[PDB]
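What follows is one chain in structure tokens, specifically the form deposited in one PDB entry.
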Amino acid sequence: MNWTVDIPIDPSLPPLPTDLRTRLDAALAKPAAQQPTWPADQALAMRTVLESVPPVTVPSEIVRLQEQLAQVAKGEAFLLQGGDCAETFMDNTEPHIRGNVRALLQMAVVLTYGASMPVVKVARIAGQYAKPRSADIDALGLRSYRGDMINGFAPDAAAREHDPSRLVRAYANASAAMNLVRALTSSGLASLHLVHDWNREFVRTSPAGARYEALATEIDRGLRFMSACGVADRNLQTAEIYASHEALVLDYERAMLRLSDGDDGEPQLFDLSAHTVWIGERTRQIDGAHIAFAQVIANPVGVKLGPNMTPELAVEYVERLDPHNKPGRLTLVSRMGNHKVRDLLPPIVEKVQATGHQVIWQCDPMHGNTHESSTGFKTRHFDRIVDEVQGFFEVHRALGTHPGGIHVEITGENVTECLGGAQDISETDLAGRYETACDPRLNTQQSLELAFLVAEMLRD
């Protein structure tokens, strides 16, 4: 008579090493922004369960991504990151997951051709369950909705309480999703020829299909050249999609830390919640736990940069989070907004470039670009977004640095949460399918089209 079902929880594995634990305990002491307010005794319970479950990724996989990213940081691959703004447990379904990966790969092929160079594919998925808040109380006068990792989307005070059981529901969800994403991509869903076939079907039918035919045709034909050529095609059957989410909830993040075998190398501390995680704009304080936390772990990390960023602060990131000068170890993600990315960005890049360190310069053109529409709904303009990428490019091309890649919020559903692009979404259209639990994201059409427009940036 309560419409839900309580799943009961459980034999601890051996603790991490006293030496690393001291280094870790020392790190976590620093003030943590945006953490949830739930009781410590309870968190510790749930963390204890997390520390003994199977991890959503593994060290071999991540060191392997560190190498690929390395190659991006070196300007020889390009990085594509994308998926839901916020992942909601109710919607972590096979169809939704198929569609977001389908989307990511559809751009992947378009960006791959355009970039003329391998693309590294990272999904926002299997862990993007917590967000930062601005406001203590939301408009409905309720405690902020902080991501299903922390609380329910429903506007009922019960729903909103920070509930750390949610840490585990997070975990089961991310697993499930992860393990689908793997099956999907190891099976035919990331075939090049199929993913492309979806792309053709897009051109047949987008309003702006003209805009795209020419390039879509080159792609077909350069693909067909591959079989003309007889190059062994198995590598065309399967695509690697890594998993990323913002590391916000340190209890979950801390919970999922593990030591590597050490067989490949001396044992390191990694975060197995995900493959790479970033630190947001609100949690990035230099002297804070989040930056500290990113310091300890080996995963590739990223840090978001918005307008307040000062090249000197940039640098300090670089010296904190990339002390060893491992290229691609750290990514920095411009999110100025289109109007300011040209002015704001250049200095940063140069100050950072001067350092030594090679970092991925990745453009997030979504978080700088959000505005409320006359009709109620939070929104983003396709043009302003495109545009920021164009600016991001222009900044790097001018400075002779590498435009590492893009970070975007998209989905496979035909949502109407972003205005414009070939479908010409109108503020009224927005009511029809605003099914995002947070930031408005590029619909499957807007994502593709965006990747066409970015492909054309990459060939200039």
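Each residue number is its position in the shown sequence, starting from 1. Rigid core here is just the name for the largest C-alpha set that superposes within 1.5 Å across the two forms.
Gap at residue 39 across at least one third of the other PDB entries = No; none of the other entries leave residue 39 out.
Say whether residue 421, which has coordinates in the shown structure, is without coordinates in a third or more of the other compared entries.
-> Across the compared entries, residue 421 is left out in at least a third.
According to the entry, are there none, 1 to 3, 4 to 9, or 10 or more residues of the deposited sequence without coordinates between residue 25 and residue 26?
-> In the record, the chain runs straight from residue 25 to residue 26 with none unmodelled.
Stretch with the higher entry mean CA B-factor, where the candidates are 113 to 121 and 135 to 143 = Going by the record's values, the stretch with the higher mean is 135 to 143.
Higher-B stretch (mean Cα B-factor, as the entry records it), 34 to 42 or 420 to 428 | So the stretch with the higher mean C-alpha B-factor is 420 to 428.
If you check the C-alpha B-factor for each of 158, 108, 321, 195 in the entry, which is highest?
-> Among 158, 108, 321, 195, the PDB entry lists the largest C-alpha B-factor for 158.
Maximum C-alpha temperature factor, selected from 50, 69, 29, 56 | That would be 29, according to the entry.
Looking at the entry's B-factor column for C-alpha atoms only, identify whether residue 60 ranks in the lowest, middle or highest third of its chain.
-> Lowest third - that is where residue 60 ends up once the chain's C-alpha B-factors are sorted.
Among the modelled residues of its chain, does the C-alpha B-factor of residue 163 lie in the lowest, middle or highest third?
-> As the PDB entry reports it, the C-alpha B-factor of residue 163 lands in the middle third of its chain.
Compared with the other modelled residues in the chain, in which third is the CA B-factor of residue 203?
-> For residue 203, whose C-alpha B-factor we compare with every modelled residue in the chain, the answer is the highest third.
Grab the CA temperature factor for residue 455 from the record and place it in the lowest, middle or highest third of its chain.
-> Middle third by C-alpha B-factor.
What third of its chain, lowest, middle or highest, does the C-alpha temperature factor of residue 279 fall into?
-> Ranked within chain, residue 279 CA B lands in the highest tercile.
FYI, the form deposited in another entry isn't displayed, but the following is about it.
Core-fitted Cα difference of 2 Å or more between the shown form and the other one, single residue among 237, 71, 355, 285 | C-alpha shift of at least 2 Å: 237.
Residue 25: CA shift of at least 2 Å between the shown form and the other one after core fit?
-> Shift of 2 Å or more: no.
Which is it in the other form for the CA atoms of residue 237 and residue 69, closer or farther than here, knowing they shift by 3 Å or more?
-> Closer together, by at least 3 Å.
What happens to the Cα distance from residue 206 to residue 237 in the other form: does it get closer or farther than here, with a change of 3 angstroms or more?
-> Relative to this form, farther apart in the other form.
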